[PDB]
Amino acid sequence: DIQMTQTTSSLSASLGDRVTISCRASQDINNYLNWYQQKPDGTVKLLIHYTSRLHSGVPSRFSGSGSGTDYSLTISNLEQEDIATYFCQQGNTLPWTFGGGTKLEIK
Amino acid sequence: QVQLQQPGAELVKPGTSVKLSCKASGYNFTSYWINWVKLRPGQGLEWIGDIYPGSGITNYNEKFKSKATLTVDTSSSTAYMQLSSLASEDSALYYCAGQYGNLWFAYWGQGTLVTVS
């Protein structure tokens, strides 16, 4: 299995802040990296796929970059609705594996 | 439109079994794969397996082979996952997600929190 590691488990910030979430794979996954967001009401949404492709109906303040085993997500201006937990997933080989998640909080 | 509906919670006793349901709504159930993932807070997200409702073929994380059994009811458009010999380690949030638009985890259910006493 390809292990995904989201170093920071919890991140604190202020609305308006520019935030970045990193995700590391145990081996090159050729940009087959997807980001999911789990909102406080329990819903999960696909945000970005194939490293930087923003999915349908996702705000432009969300962006992704990366290659090899290094990837990160960036929110240009932290909005109240952005308060949630983000998970990265590799779709390079089965079994699909996800990172542990990163909880976003205010302050 | 397209949507997956699962019950919000399940209270189970250890050693027994449980069958989680996932009802698909506005699309051709027979045409897409169904994914089941497990979320233990602080213990990461884990892919359990897939199942193509139109053929019945399944794919399993060999880590959940002897624990989860994926099945479907083509008539009621419901996907099922049975968890056997429930242990406290099985207490987690379980989502089913469907493939759509060439993406494997395109739509998600709201999840079913399973608590084994």
# chains A, B, ... in the order shown; residues from 1 in each chain; ligands from 1
>>> interface_residues(of="chain A", to="chain B", cutoff="10 Å", atoms="only C-alpha atoms", output="number ranges by chain")
A: 1, 4-5, 9, 34, 36, 38, 41-47, 49, 55, 87-89, 91, 94-102
>>> select_by_dssp(residues="chain B", states="strand (DSSP E or B)", output="mmCIF file with N, CA, C and O atoms, in the first residue's frame")
data_model
loop_
_atom_site.group_PDB
_atom_site.id
_atom_site.type_symbol
_atom_site.label_atom_id
_atom_site.label_comp_id
_atom_site.auth_asym_id
_atom_site.auth_seq_id
_atom_site.Cartn_x
_atom_site.Cartn_y
_atom_site.Cartn_z
ATOM 1 N N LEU B 4 -26.936 9.585 -2.475
ATOM 2 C CA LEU B 4 -26.836 8.349 -1.723
ATOM 3 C C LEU B 4 -27.361 8.596 -0.313
ATOM 4 O O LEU B 4 -26.988 9.566 0.352
ATOM 5 N N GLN B 5 -28.233 7.713 0.145
ATOM 6 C CA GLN B 5 -28.817 7.870 1.458
ATOM 7 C C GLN B 5 -28.537 6.691 2.368
ATOM 8 O O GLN B 5 -28.886 5.552 2.048
ATOM 9 N N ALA B 9 -27.061 6.394 12.051
ATOM 10 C CA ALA B 9 -26.378 5.688 13.129
ATOM 11 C C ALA B 9 -26.854 4.258 13.304
ATOM 12 O O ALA B 9 -27.955 3.903 12.880
ATOM 13 N N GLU B 10 -26.008 3.450 13.939
ATOM 14 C CA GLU B 10 -26.302 2.049 14.213
ATOM 15 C C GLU B 10 -25.687 1.635 15.540
ATOM 16 O O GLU B 10 -24.483 1.731 15.715
ATOM 17 N N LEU B 11 -26.507 1.182 16.480
ATOM 18 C CA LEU B 11 -26.004 0.745 17.781
ATOM 19 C C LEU B 11 -25.906 -0.775 17.780
ATOM 20 O O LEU B 11 -26.929 -1.456 17.786
ATOM 21 N N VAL B 12 -24.685 -1.308 17.786
ATOM 22 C CA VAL B 12 -24.483 -2.759 17.748
ATOM 23 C C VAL B 12 -23.757 -3.364 18.953
ATOM 24 O O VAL B 12 -23.007 -2.685 19.645
ATOM 25 N N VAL B 18 -23.799 -6.719 11.410
ATOM 26 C CA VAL B 18 -24.643 -5.601 11.006
ATOM 27 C C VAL B 18 -24.536 -5.353 9.507
ATOM 28 O O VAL B 18 -23.477 -5.530 8.910
ATOM 29 N N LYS B 19 -25.651 -4.965 8.898
ATOM 30 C CA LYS B 19 -25.684 -4.692 7.466
ATOM 31 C C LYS B 19 -26.065 -3.234 7.233
ATOM 32 O O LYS B 19 -27.188 -2.808 7.529
ATOM 33 N N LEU B 20 -25.112 -2.470 6.714
ATOM 34 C CA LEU B 20 -25.320 -1.060 6.436
ATOM 35 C C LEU B 20 -25.939 -0.897 5.051
ATOM 36 O O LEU B 20 -25.604 -1.633 4.126
ATOM 37 N N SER B 21 -26.855 0.053 4.902
ATOM 38 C CA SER B 21 -27.489 0.266 3.604
ATOM 39 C C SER B 21 -27.086 1.592 2.974
ATOM 40 O O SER B 21 -26.722 2.539 3.671
ATOM 41 N N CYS B 22 -27.149 1.638 1.647
ATOM 42 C CA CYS B 22 -26.806 2.822 0.870
ATOM 43 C C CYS B 22 -27.749 2.830 -0.332
ATOM 44 O O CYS B 22 -27.577 2.052 -1.267
ATOM 45 N N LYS B 23 -28.760 3.697 -0.281
ATOM 46 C CA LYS B 23 -29.754 3.810 -1.347
ATOM 47 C C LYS B 23 -29.432 4.920 -2.350
ATOM 48 O O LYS B 23 -29.383 6.099 -1.990
ATOM 49 N N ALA B 24 -29.231 4.527 -3.608
ATOM 50 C CA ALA B 24 -28.901 5.453 -4.691
ATOM 51 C C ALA B 24 -30.163 6.098 -5.255
ATOM 52 O O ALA B 24 -31.183 5.433 -5.406
ATOM 53 N N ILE B 34 -19.760 1.441 -6.620
ATOM 54 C CA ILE B 34 -20.095 1.918 -5.293
ATOM 55 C C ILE B 34 -18.890 1.642 -4.420
ATOM 56 O O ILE B 34 -18.368 0.529 -4.417
ATOM 57 N N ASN B 35 -18.459 2.670 -3.691
ATOM 58 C CA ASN B 35 -17.314 2.599 -2.791
ATOM 59 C C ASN B 35 -17.744 2.664 -1.332
ATOM 60 O O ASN B 35 -18.707 3.349 -0.993
ATOM 61 N N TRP B 36 -17.017 1.955 -0.475
ATOM 62 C CA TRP B 36 -17.289 1.965 0.953
ATOM 63 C C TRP B 36 -15.968 2.299 1.660
ATOM 64 O O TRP B 36 -14.956 1.621 1.450
ATOM 65 N N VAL B 37 -15.983 3.356 2.474
ATOM 66 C CA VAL B 37 -14.803 3.792 3.217
ATOM 67 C C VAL B 37 -15.143 3.880 4.701
ATOM 68 O O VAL B 37 -16.295 4.109 5.071
ATOM 69 N N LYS B 38 -14.126 3.710 5.539
ATOM 70 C CA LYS B 38 -14.286 3.757 6.983
ATOM 71 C C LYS B 38 -13.473 4.920 7.558
ATOM 72 O O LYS B 38 -12.308 5.123 7.197
ATOM 73 N N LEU B 39 -14.100 5.696 8.441
ATOM 74 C CA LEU B 39 -13.430 6.826 9.067
ATOM 75 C C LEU B 39 -13.445 6.764 10.596
ATOM 76 O O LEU B 39 -14.479 6.974 11.224
ATOM 77 N N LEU B 45 -8.868 7.715 7.179
ATOM 78 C CA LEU B 45 -9.878 7.228 6.241
ATOM 79 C C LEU B 45 -9.367 5.946 5.582
ATOM 80 O O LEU B 45 -8.216 5.879 5.155
ATOM 81 N N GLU B 46 -10.218 4.933 5.473
ATOM 82 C CA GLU B 46 -9.776 3.673 4.895
ATOM 83 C C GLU B 46 -10.732 3.107 3.871
ATOM 84 O O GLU B 46 -11.911 2.928 4.154
ATOM 85 N N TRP B 47 -10.201 2.802 2.687
ATOM 86 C CA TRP B 47 -10.995 2.235 1.608
ATOM 87 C C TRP B 47 -11.263 0.773 1.921
ATOM 88 O O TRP B 47 -10.330 0.019 2.173
ATOM 89 N N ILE B 48 -12.531 0.370 1.910
ATOM 90 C CA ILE B 48 -12.871 -1.022 2.195
ATOM 91 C C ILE B 48 -12.967 -1.844 0.914
ATOM 92 O O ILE B 48 -12.371 -2.918 0.814
ATOM 93 N N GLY B 49 -13.705 -1.331 -0.067
ATOM 94 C CA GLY B 49 -13.862 -2.035 -1.326
ATOM 95 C C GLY B 49 -14.838 -1.375 -2.290
ATOM 96 O O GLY B 49 -15.403 -0.325 -1.988
ATOM 97 N N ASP B 50 -15.031 -2.009 -3.447
ATOM 98 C CA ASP B 50 -15.925 -1.535 -4.511
ATOM 99 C C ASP B 50 -16.861 -2.656 -4.923
ATOM 100 O O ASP B 50 -16.645 -3.813 -4.571
ATOM 101 N N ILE B 51 -17.885 -2.299 -5.691
ATOM 102 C CA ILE B 51 -18.826 -3.263 -6.246
ATOM 103 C C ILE B 51 -19.533 -2.622 -7.428
ATOM 104 O O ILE B 51 -20.020 -1.490 -7.332
ATOM 105 N N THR B 58 -16.718 -7.449 -7.323
ATOM 106 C CA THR B 58 -16.274 -6.591 -6.233
ATOM 107 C C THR B 58 -14.761 -6.548 -6.133
ATOM 108 O O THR B 58 -14.066 -7.430 -6.639
ATOM 109 N N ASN B 59 -14.262 -5.509 -5.474
ATOM 110 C CA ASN B 59 -12.835 -5.359 -5.240
ATOM 111 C C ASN B 59 -12.716 -5.064 -3.751
ATOM 112 O O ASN B 59 -13.445 -4.227 -3.223
ATOM 113 N N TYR B 60 -11.812 -5.765 -3.075
ATOM 114 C CA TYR B 60 -11.639 -5.595 -1.637
ATOM 115 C C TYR B 60 -10.251 -5.178 -1.211
ATOM 116 O O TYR B 60 -9.255 -5.540 -1.836
ATOM 117 N N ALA B 68 -15.756 -7.434 5.901
ATOM 118 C CA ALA B 68 -16.864 -6.841 5.172
ATOM 119 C C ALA B 68 -17.268 -7.639 3.955
ATOM 120 O O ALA B 68 -16.416 -8.188 3.259
ATOM 121 N N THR B 69 -18.578 -7.701 3.715
ATOM 122 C CA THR B 69 -19.143 -8.398 2.563
ATOM 123 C C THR B 69 -20.028 -7.401 1.828
ATOM 124 O O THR B 69 -21.059 -6.971 2.344
ATOM 125 N N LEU B 70 -19.614 -7.029 0.625
ATOM 126 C CA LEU B 70 -20.362 -6.075 -0.175
ATOM 127 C C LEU B 70 -21.379 -6.805 -1.051
ATOM 128 O O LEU B 70 -21.049 -7.801 -1.686
ATOM 129 N N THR B 71 -22.617 -6.320 -1.065
ATOM 130 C CA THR B 71 -23.668 -6.906 -1.894
ATOM 131 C C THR B 71 -24.578 -5.770 -2.344
ATOM 132 O O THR B 71 -24.455 -4.648 -1.859
ATOM 133 N N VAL B 72 -25.475 -6.052 -3.282
ATOM 134 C CA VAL B 72 -26.405 -5.034 -3.759
ATOM 135 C C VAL B 72 -27.790 -5.619 -4.057
ATOM 136 O O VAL B 72 -27.947 -6.829 -4.191
ATOM 137 N N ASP B 73 -28.796 -4.756 -4.134
ATOM 138 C CA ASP B 73 -30.143 -5.195 -4.464
ATOM 139 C C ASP B 73 -30.523 -4.401 -5.692
ATOM 140 O O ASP B 73 -30.997 -3.271 -5.599
ATOM 141 N N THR B 78 -30.203 -0.467 -3.894
ATOM 142 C CA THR B 78 -29.529 -0.284 -2.620
ATOM 143 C C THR B 78 -28.245 -1.108 -2.579
ATOM 144 O O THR B 78 -28.215 -2.255 -3.022
ATOM 145 N N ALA B 79 -27.182 -0.495 -2.069
ATOM 146 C CA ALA B 79 -25.895 -1.160 -1.918
ATOM 147 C C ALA B 79 -25.796 -1.533 -0.435
ATOM 148 O O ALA B 79 -26.227 -0.768 0.434
ATOM 149 N N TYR B 80 -25.245 -2.710 -0.153
ATOM 150 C CA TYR B 80 -25.120 -3.187 1.216
ATOM 151 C C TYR B 80 -23.705 -3.563 1.617
ATOM 152 O O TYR B 80 -22.906 -4.007 0.791
ATOM 153 N N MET B 81 -23.411 -3.379 2.899
ATOM 154 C CA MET B 81 -22.142 -3.797 3.459
ATOM 155 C C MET B 81 -22.416 -4.455 4.809
ATOM 156 O O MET B 81 -22.945 -3.825 5.721
ATOM 157 N N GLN B 82 -22.068 -5.731 4.928
ATOM 158 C CA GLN B 82 -22.266 -6.445 6.181
ATOM 159 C C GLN B 82 -20.946 -6.565 6.930
ATOM 160 O O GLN B 82 -19.951 -7.022 6.368
ATOM 161 N N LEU B 83 -20.940 -6.139 8.190
ATOM 162 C CA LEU B 83 -19.748 -6.226 9.028
ATOM 163 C C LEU B 83 -19.950 -7.381 10.011
ATOM 164 O O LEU B 83 -20.931 -7.406 10.751
ATOM 165 N N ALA B 92 -16.703 3.217 13.939
ATOM 166 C CA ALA B 92 -16.213 4.262 13.050
ATOM 167 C C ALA B 92 -17.375 4.819 12.244
ATOM 168 O O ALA B 92 -18.518 4.393 12.405
ATOM 169 N N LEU B 93 -17.070 5.777 11.379
ATOM 170 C CA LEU B 93 -18.073 6.374 10.507
ATOM 171 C C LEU B 93 -17.912 5.669 9.159
ATOM 172 O O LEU B 93 -16.799 5.516 8.651
ATOM 173 N N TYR B 94 -19.018 5.220 8.585
ATOM 174 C CA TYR B 94 -18.944 4.529 7.317
ATOM 175 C C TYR B 94 -19.703 5.234 6.211
ATOM 176 O O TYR B 94 -20.908 5.454 6.314
ATOM 177 N N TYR B 95 -18.990 5.580 5.147
ATOM 178 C CA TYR B 95 -19.604 6.231 3.999
ATOM 179 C C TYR B 95 -19.552 5.316 2.792
ATOM 180 O O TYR B 95 -18.678 4.445 2.680
ATOM 181 N N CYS B 96 -20.509 5.525 1.896
ATOM 182 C CA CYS B 96 -20.541 4.819 0.629
ATOM 183 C C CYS B 96 -20.392 6.027 -0.273
ATOM 184 O O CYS B 96 -20.862 7.116 0.065
ATOM 185 N N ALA B 97 -19.692 5.856 -1.380
ATOM 186 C CA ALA B 97 -19.487 6.943 -2.315
ATOM 187 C C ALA B 97 -19.617 6.322 -3.691
ATOM 188 O O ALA B 97 -19.245 5.169 -3.886
ATOM 189 N N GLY B 98 -20.153 7.073 -4.644
ATOM 190 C CA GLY B 98 -20.315 6.530 -5.975
ATOM 191 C C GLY B 98 -19.404 7.176 -6.992
ATOM 192 O O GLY B 98 -18.937 8.300 -6.817
ATOM 193 N N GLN B 99 -19.142 6.440 -8.061
ATOM 194 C CA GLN B 99 -18.313 6.934 -9.134
ATOM 195 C C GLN B 99 -19.246 7.645 -10.106
ATOM 196 O O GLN B 99 -20.405 7.250 -10.264
ATOM 197 N N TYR B 100 -18.743 8.697 -10.743
ATOM 198 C CA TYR B 100 -19.538 9.475 -11.686
ATOM 199 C C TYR B 100 -18.664 10.498 -12.391
ATOM 200 O O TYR B 100 -17.837 11.156 -11.763
ATOM 201 N N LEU B 103 -14.827 9.865 -12.243
ATOM 202 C CA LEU B 103 -14.177 10.013 -10.938
ATOM 203 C C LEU B 103 -14.789 9.019 -9.944
ATOM 204 O O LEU B 103 -16.006 8.976 -9.765
ATOM 205 N N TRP B 104 -13.929 8.236 -9.296
ATOM 206 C CA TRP B 104 -14.336 7.188 -8.353
ATOM 207 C C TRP B 104 -15.040 7.552 -7.043
ATOM 208 O O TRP B 104 -15.835 6.767 -6.531
ATOM 209 N N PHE B 105 -14.740 8.708 -6.476
ATOM 210 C CA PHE B 105 -15.413 9.110 -5.245
ATOM 211 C C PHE B 105 -16.067 10.445 -5.580
ATOM 212 O O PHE B 105 -15.754 11.481 -4.989
ATOM 213 N N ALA B 106 -16.978 10.417 -6.545
ATOM 214 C CA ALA B 106 -17.637 11.636 -6.981
ATOM 215 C C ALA B 106 -18.788 12.082 -6.074
ATOM 216 O O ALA B 106 -18.947 13.281 -5.816
ATOM 217 N N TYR B 107 -19.585 11.130 -5.589
ATOM 218 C CA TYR B 107 -20.711 11.454 -4.716
ATOM 219 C C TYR B 107 -20.626 10.650 -3.434
ATOM 220 O O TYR B 107 -20.301 9.470 -3.461
ATOM 221 N N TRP B 108 -20.914 11.304 -2.313
ATOM 222 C CA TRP B 108 -20.833 10.667 -1.009
ATOM 223 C C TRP B 108 -22.145 10.678 -0.266
ATOM 224 O O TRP B 108 -22.983 11.551 -0.474
ATOM 225 N N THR B 112 -22.857 6.646 8.126
ATOM 226 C CA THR B 112 -23.564 5.929 9.180
ATOM 227 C C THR B 112 -22.555 5.676 10.285
ATOM 228 O O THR B 112 -21.603 4.918 10.094
ATOM 229 N N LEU B 113 -22.747 6.315 11.433
ATOM 230 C CA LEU B 113 -21.850 6.107 12.557
ATOM 231 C C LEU B 113 -22.218 4.800 13.233
ATOM 232 O O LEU B 113 -23.343 4.627 13.685
ATOM 233 N N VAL B 114 -21.263 3.883 13.300
ATOM 234 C CA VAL B 114 -21.482 2.580 13.912
ATOM 235 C C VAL B 114 -20.817 2.523 15.277
ATOM 236 O O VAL B 114 -19.605 2.677 15.382
ATOM 237 N N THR B 115 -21.608 2.313 16.317
ATOM 238 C CA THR B 115 -21.063 2.217 17.659
ATOM 239 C C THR B 115 -21.348 0.834 18.200
ATOM 240 O O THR B 115 -22.507 0.459 18.361
ATOM 241 N N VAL B 116 -20.298 0.071 18.476
ATOM 242 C CA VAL B 116 -20.492 -1.256 19.026
ATOM 243 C C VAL B 116 -20.252 -1.153 20.527
ATOM 244 O O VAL B 116 -19.191 -0.741 20.967
#
>>> closest_residue(among="A:93, A:77, A:69, A:82", to="residue 105 (chain A)", atoms="only C-alpha atoms")
A:82
>>> residues_around(residues="residue 28 (chain A)", least_positions_apart="4", cutoff="10 Å", atoms="only C-alpha atoms", output="count of residues only")
9
>>> residues_around(residues="residue 75 (chain A)", least_positions_apart="3", cutoff="9 Å", atoms="only C-alpha atoms", output="compact mmCIF listing (two decimals) with N, CA and C atoms, in the first residue's frame")
# COMPACT_ATOMS: atom_id res chain seq x y z
N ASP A 17 -6.97 34.59 6.23
CA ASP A 17 -5.64 34.00 6.19
C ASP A 17 -5.48 33.14 4.94
N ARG A 18 -4.25 33.08 4.43
CA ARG A 18 -3.94 32.25 3.28
C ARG A 18 -3.41 30.98 3.92
N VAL A 19 -4.08 29.86 3.67
CA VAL A 19 -3.68 28.59 4.27
C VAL A 19 -3.22 27.55 3.27
N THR A 20 -2.35 26.65 3.73
CA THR A 20 -1.83 25.56 2.91
C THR A 20 -1.76 24.25 3.71
N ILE A 21 -2.26 23.20 3.09
CA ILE A 21 -2.30 21.87 3.67
C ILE A 21 -1.39 20.98 2.82
N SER A 60 -13.03 29.45 -6.46
CA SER A 60 -11.71 29.65 -7.05
C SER A 60 -10.59 29.88 -6.06
N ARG A 61 -10.93 30.10 -4.79
CA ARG A 61 -9.91 30.33 -3.77
C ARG A 61 -9.18 29.04 -3.39
N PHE A 62 -9.61 27.94 -3.99
CA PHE A 62 -8.99 26.65 -3.73
C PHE A 62 -8.02 26.31 -4.87
N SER A 63 -6.81 25.91 -4.52
CA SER A 63 -5.84 25.54 -5.54
C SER A 63 -4.90 24.43 -5.07
N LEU A 78 -9.17 32.57 3.70
CA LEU A 78 -9.96 31.69 4.56
C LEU A 78 -11.35 32.22 4.87
N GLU A 79 -12.37 31.49 4.41
CA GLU A 79 -13.77 31.83 4.61
C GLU A 79 -14.39 30.95 5.70
N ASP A 82 -15.13 27.52 4.99
CA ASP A 82 -13.96 26.67 4.76
C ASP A 82 -13.52 25.90 6.01
>>> atom_distance(atom1="CA of residue 83 (chain A)", atom2="CA of residue 14 (chain A)")
10.4 Å
>>> atom_distance(atom1="CA of residue 11 (chain A)", atom2="CA of residue 58 (chain A)")
21.3 Å
>>> atom_distance(atom1="CA of residue 25 (chain B)", atom2="CA of residue 2 (chain B)")
5.4 Å
>>> closest_residue(among="B:14, B:102, B:74, B:55", to="residue 88 (chain B)", atoms="only C-alpha atoms")
B:14
